[PDB]
Amino acid sequence: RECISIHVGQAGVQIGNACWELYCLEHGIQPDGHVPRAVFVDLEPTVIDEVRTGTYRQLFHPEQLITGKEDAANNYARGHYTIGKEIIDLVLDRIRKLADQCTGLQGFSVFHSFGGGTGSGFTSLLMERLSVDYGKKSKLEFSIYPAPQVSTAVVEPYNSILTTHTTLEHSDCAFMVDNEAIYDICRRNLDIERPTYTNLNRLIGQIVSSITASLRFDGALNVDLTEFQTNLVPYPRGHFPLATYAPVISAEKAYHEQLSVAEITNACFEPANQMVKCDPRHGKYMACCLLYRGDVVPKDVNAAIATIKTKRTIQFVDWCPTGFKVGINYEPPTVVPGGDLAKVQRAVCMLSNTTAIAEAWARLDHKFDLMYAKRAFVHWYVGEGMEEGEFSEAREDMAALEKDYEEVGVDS
Amino acid sequence: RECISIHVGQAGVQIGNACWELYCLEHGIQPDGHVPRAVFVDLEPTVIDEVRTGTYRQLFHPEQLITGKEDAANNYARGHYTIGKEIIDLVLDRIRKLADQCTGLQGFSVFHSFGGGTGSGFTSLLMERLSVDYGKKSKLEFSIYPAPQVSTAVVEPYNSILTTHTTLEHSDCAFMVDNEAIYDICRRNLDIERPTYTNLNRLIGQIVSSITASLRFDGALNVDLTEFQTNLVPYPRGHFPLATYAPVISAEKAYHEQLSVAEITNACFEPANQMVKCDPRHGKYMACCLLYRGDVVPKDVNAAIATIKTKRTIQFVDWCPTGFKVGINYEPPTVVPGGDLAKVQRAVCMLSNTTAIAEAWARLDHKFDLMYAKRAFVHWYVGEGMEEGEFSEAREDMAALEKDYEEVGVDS
Amino acid sequence: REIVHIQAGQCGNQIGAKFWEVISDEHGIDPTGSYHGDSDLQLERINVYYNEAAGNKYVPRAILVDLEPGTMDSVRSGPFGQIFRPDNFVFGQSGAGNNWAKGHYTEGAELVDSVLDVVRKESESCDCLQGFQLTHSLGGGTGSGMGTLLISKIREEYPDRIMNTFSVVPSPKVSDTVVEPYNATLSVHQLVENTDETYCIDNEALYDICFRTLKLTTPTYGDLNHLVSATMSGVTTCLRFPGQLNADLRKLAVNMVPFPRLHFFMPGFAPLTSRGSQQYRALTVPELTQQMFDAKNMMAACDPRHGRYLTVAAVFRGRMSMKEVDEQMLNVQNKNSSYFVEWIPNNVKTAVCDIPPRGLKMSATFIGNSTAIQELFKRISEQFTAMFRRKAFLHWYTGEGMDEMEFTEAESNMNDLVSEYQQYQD
Amino acid sequence: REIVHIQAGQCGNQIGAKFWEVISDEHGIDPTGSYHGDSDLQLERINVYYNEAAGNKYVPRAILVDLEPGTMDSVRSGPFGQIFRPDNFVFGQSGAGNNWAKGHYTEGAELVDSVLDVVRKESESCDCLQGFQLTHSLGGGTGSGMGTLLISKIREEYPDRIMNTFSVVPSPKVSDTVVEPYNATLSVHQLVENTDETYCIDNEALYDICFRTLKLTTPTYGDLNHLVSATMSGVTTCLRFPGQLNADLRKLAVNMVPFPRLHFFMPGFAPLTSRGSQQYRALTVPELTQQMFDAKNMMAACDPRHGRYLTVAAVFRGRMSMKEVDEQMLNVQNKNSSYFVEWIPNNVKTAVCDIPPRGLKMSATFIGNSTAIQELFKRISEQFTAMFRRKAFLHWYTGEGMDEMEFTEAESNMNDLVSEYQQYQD
């Protein structure tokens, strides 16, 4: 029934504090109410401390807040092997102590930031140690994969080609939200050149609320977590769909809010609104899980979608007749009291697997090579319990992820 | 009906003052009320004096407070033979003067600290002289055996391989509480790097309250002292079970207190909560006496235990179908007004014989050899009325305690 | 006689709320209240759907099967939601995944025994059992998979009592799900081989019939459901009323199924006029047959005009002349001799209750067994292949312990089912 | 006629408080008060359980045997606790160790004479003695050992008067003790050879029957006990009431025990519906037999459906038709001819009191002698061997003056007892 969550890496923790905020906010549980149902991991104390100093301070147990005073290191190796190792046990312990206390759970919603040290590496083995300790569950990892041109870390790809290959054979469904492609939404669909990280977080903090929160919440067309991976992954590769939200209108500027279904659903497939720089440049969808929430008439949907199924310029895979999982919830969304999110009475958090990422992965793989081609910051990992193996052998890994996402599509 | 108690050795006396404190505390008998029912022995005045100067000063009779102004000596020999001898008579006298005054007693809860001078030696002959003067009773000795790595005395093992062999053929059931493995609980399950001895004492001072106090106290499933040894020792070796407590939560930090039975019972078998560095590294339980107290529904137990009986990873001995003595009391625990103990409305003081100590004894025996192998501080005992005999012949003793605790298990 | 409704899945469930919303009023049973019945006749036959315990509490004898709590917890937390004895709620807090395989082999298969248990407690209620009503959608997990199992088990336990199935076959134009043809083809398969009377409804055949035959501009689901529930009341419950010429599930079955497949029908209600205005009362009777027998007005997607009929059952329920009824039916059978199949001299099965739908003067449920429904299983079957060919979202099935030969099976089966049905259109 | 209850051990004791809590109200006897009886019939037969001294003080004629003070000092310090004459309390302040051997050979053996003393003071009370009621648990000292002795002595003192035994056989799933099979196997042994009517109850068969047949979410012990005590009231006390066709311990015994073992039964109550809602009143009668004869609802652990019956005794107590009673029983005997053994043309022993359980309209205690209980002594017997083999916690027995041949004895005996019972299942 439940779904634990492990927010790993400063980012996964910032986003965590955010997604965790939106929660109580739409459940009437102020600062000090019940008890969360997740954990927080980081090898840099000062960040988890922000959850220990700032807002939502006492809504957590100093037990579900793991820290390694030591060093973060923007390098996979160190975070996965060398350092990150020391903490893992302890980490697990909570996701085994928190996993027990419950009643027939469904899985762990993992929150990490692909291209980091504590986020890429660590998790790599966290999800790793999970796939074995609970192979019998769902492993949906919600990632924030590398901005297409606006990356931060100098190494980023090293850290992301490595978190992909190690987690690939362990996740159930990996959701993806592109940090940059979300900015566009903040520039083009909300207008603000002042987007603090605290915003992107409010956003995913939204799209995510549509996943677990409301879905695990009764409705006219419930959709379990398992449901996802089933209706969402055509193949064992921990396939990565993309998150998209519909009423991303500004709560100040424009106001046409009352945008009946027929509109908000069409607003999902236009590439300029998908929290991912993977513009459907060719990527044929192969399965979409249209999660609606608020006042929505099933016919409105079983029509708004019909209209789409016949737009053709939206070309769905061949081997897939119908790939539209319509998830209907009741309670409308719940916008921050005064952030910058419109606040409509219905939304569409549609996520999907698109042959599109054939790109995004490509463009991120290429990156890697360029540097590896010169070993660049390699000495930083080797000296951290890794080898020419793990790199070269994780490169070959993704290689067959560029062929995979190619074969499962583009061909009939 | 009753059970006298002889707190021997400074420690056994500190722990005594503690266990003795918790008592009145949950019986509404302030500083000056009724009359205890035990005695205090030590060959170092200044310590028993602490019971004569400090708190619970007038709650005792200067008659049940035995002291030998002389010298303690952190050596068995001296305490058992040479010095300790002189006092014994007098000591006995009280446990014969206090044993008479009562009405059909059941035994003497002895409190000693294995690796001491007055605690190891002395008692050795105290329990010794008891097994003969009242063979017809219970001799449950509550020990605080040698910290696995954090011992104090330099000789400790000499003193503990000697208190074991001499008491072995005299005790009924020897309870064991590991000083170090209790610290962990103070670090990991209560959080405090400031644990004064006065705390560990509050703890055993708790687990012990669950033994005598409340048990000898009416309830829905009473358990007599005899009951123990019967349901707890499979074989004449004064077998040593381990003490464990369940709601060892902090009365400040976390607060999930309301942790229904189903939880507190599972919290007993996780090795990080057992007042003994004998982690069930393999030791198959062979009998557990789950003493519950507070609001507990017999079905809750006769279910919470059922769930356990089928966890298998908790492997019980072969020759033992069912080894679960469910002891239910009414009155919930009673935490110090403002120490650091949570204060729940139900607890589980489960004690048991585990093939685990096969370890603890091993690791403590080995110690001994190393030193004996060089005679180390041998001249300190010899010159105190002992011989190459008592050592070598008490070593061979435990040897068959390493084989015993091995044979009664690991085999089918 | 008796029956025991079955609310499989959410849809089948959502509808339960509407089928019982109605039926009750058509039997004067308030939430937990008793029989307030404006009359005295809405009681002598209730048993068919309730049970006697208190003396004011006649509880609906249905089953609520679903692997998604929130749903039944919306039906149980709203209006009439508090009339079902909790024992009726056979939930599966598991992940009610949208996979036919997840609710038929892996997740549902567990919750089944705890269902059959009750389906027996209700069957062994009292008197004599007739059959079970089954509501669900063939486009999801708890619906097509788990509900299609519930029957395969029911039909092994009482191959005597009947099995009406109310399926919400995947609407054409737009599919309210993606694997739809997967969850569907797989459930129709189970249907063609267990239940012996199926009434296929189409969310979009309804909209139409609900937005143009009821100037209704905002047809919420509640409505669609409501309209449907209107038909299933005319069918069953109705005939369990007096009549110059009454029938009952069997008659309906033994007059409508020429060949054992089970065959699926297409229900149609009679007075379907917009509120105020339209209240034309042109309901003498030629007006009802006018209605019922037109293309639009067939809850099905397909249009009768696109294929002969094998059988028809105008189950009227309102005082009328066995002459103006028996007569009309004829001209109708002659004006359209073209499509009405010939090897059956009298395709039509005229049925006639007495008391009409509570507030109406004259109505008539239509249960058509036309060969037209060929052009629907075709549809479904097509969608399958077009996506099966590429094994589209197949990993969500297999990965749930399924078979590559299972899908083959169903399609073929249900695909052949299309074939046969044509054997009569010719 | 008369009887003298016996509260052996804590459990048997705890239950005493519930058996007397009930029974009294079913006889209008307030704490120390007298007969407030809403009627006048709840008095002409009380004697069976009380004694006349004052004129408002009818004191329960039971025995409270236990080696743990705190217990009886909880039963005597609470509600009805102050109605037992202190003479009744035969305590053993000793160490009530959880050892069968400690309460049967070493510790209990002493307290015995001071018990028999009273069991005679009560027997030689007045009029004519029928038998003694015995409550206890076969999973402890004061219960299985000392109580199993109390009877071995009773049955030597009056091999004429009967001996009903209410045993709380060790529940499966989870054992509320560890040596359980030790204390058990050893007591069943004593039972199969002294008492001649045993009613085995299972703390978990109750939970179930108490958490699903009574939506009761927090079934405290008090409850379980309460439910049990409900059955033992229907049995005895009840039949000591008028009836179109009344029976009494013997009838019950002389109709239920085909072969001298003593055989153990499995009690089942009739109206077992959740409070508010469920209060369906579907209690015409087919509803009671519906109840009583189902699997769940058998206080035993095993399920009847897993083995024929030898005898059955529906001891109803509420005005009904000797026709709708005598009749129902039949169909029941024919719908399940499969399991009901054949060499007994009429297994069932219909019994019929008049006055029902104080606040209810119609009830019926069920006392089944099914061969199914084979699959329980099996259980117990298994647990033994698996642990006996290694002499697990045996030192607590022997060290108490026991024998390595004693355990052998019991197991075998009780083990053979399993054998025999199968001799009829076939």
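As recorded in the PDB entry, chain C goes by the name Tubulin beta-2B chain, listed as coming from Bos taurus. This deposition appears in the PDB under the title "Kinesin-13 KLP10A HD in complex with CS-tubulin and a microtubule". Regarding chain C, the relevant UniProt record gives this comment under Subcellular location: "Cytoplasm, Cytoskeleton". Of the comments in the UniProt record for chain C, the one headed Sequence similarities reads "Belongs to the tubulin family."

Chain A is annotated in the PDB entry as Tubulin alpha-1A chain of Bos taurus. Turning to chain A, the UniProt annotation filed under Catalytic activity states: "GTP + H2O = GDP + phosphate + H(+)". Annotation of chain A in UniProt includes, under Subcellular location, the sentence "Cytoplasm, Cytoskeleton".

Engineer: Provide a residue-level description of the interface of chain D and chain B, including the pertinent values.
Structural biologist: If you look at the interface, chain D gives 46 residues, while chain B gives 45 residues. Carbon and sulfur atoms supply 54% of the area that chain D and chain B bury against each other, a total of about 3300 Å² over both sides. For the pair chain D and chain B, the interface holds one salt bridge. A salt bridge links D:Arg390 to B:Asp318; its shortest N-O distance comes to 3.0 Å. Linking chain D with chain B are 33 residue pairs in polar contact, by the criterion used here. Its residues assigned to classes, the side of chain D that touches chain B shows 17 nonpolar, 18 polar and 11 charged.

Engineer: Explain the packing of helix 5 (residues 117-133) of chain B against helix 6 (residues 157-167) of chain B residue by residue, including any values.
Structural biologist: All names here are of chain B. Interaxial distance between helix 5 and helix 6 falls to 9 Å at its minimum, and their mutual angle equals 5°. When the interaxial angle is binned, helix 5 and helix 6 end up roughly parallel. For the pair formed by helix 5 and helix 6, the contact residues are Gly-119, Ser-120, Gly-121, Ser-124 and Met-127 on the first element and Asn-159, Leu-162, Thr-163, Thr-166 and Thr-167 on the second. A breakdown of the residues in the contact of helix 5 with helix 6 according to their chemical character gives two nonpolar, eight polar and no charged.

Engineer: Tell me what's going on with the side chain of A:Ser214, and back it up with residues and numbers.
Structural biologist: On the secondary structure map, A:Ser214 appears in helix 8 (residues 197-215). Side-chain polar atoms of A:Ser214 contact the backbone oxygen of A:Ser210, separated by 3.4 Å.

Engineer: Go over the interface of chain D and chain C, please, and point to the residues and values.
Structural biologist: Counting from both sides, the interface comprises 11 residues of chain D and, opposite them, 13 residues of chain C. Between chain D and chain C the total buried area reaches about 880 Å² when both faces are included, carbon and sulfur atoms providing 41% of it. The largest contributions to the chain D side of the interface with chain C come from D:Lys215, D:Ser277 and D:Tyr280, which together make up 55% of the buried area. Where chain D touches chain C, the interface holds zero salt bridges. Scanning the region where chain D abuts chain C turns up eight residue pairs in polar contact. Residues belonging to the side of chain D that touches chain C are distributed by class as follows: two nonpolar, five polar and four charged.

Calculation notes
- Residues numbered from 1 in each chain as written, not as in the entry; some residues may be left out.
- Chains lettered and ligands numbered in written order.
- Part of a larger assembly, values for the part shown.
- Heavy atoms only, no water.
- UniProt positions renumbered as here; feature names shortened; annotations may be inferred.
- Contact = heavy atoms within 4.5 Å.
- Buried area = accessible area lost by both parts, 1.4 Å probe.
- Salt bridge = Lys/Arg side-chain N within 4 Å of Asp/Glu carboxyl O.
- Polar contact = N/O pair within 3.5 Å; in protein donor to acceptor, adjacent residues only side chain to side chain.
- Nonpolar A, V, L, I, M, F, W, Y, C, P; charged D, E, K, R; others polar.
- Axes fitted to C-alpha atoms, helices over the stretch in contact; angles between N-to-C directions.
- Helix = DSSP H or I, 4+ residues; strand = E, 2+ residues; numbered from the N terminus.
- Parallel < 35°, antiparallel > 145°, perpendicular 65-115°, else oblique.

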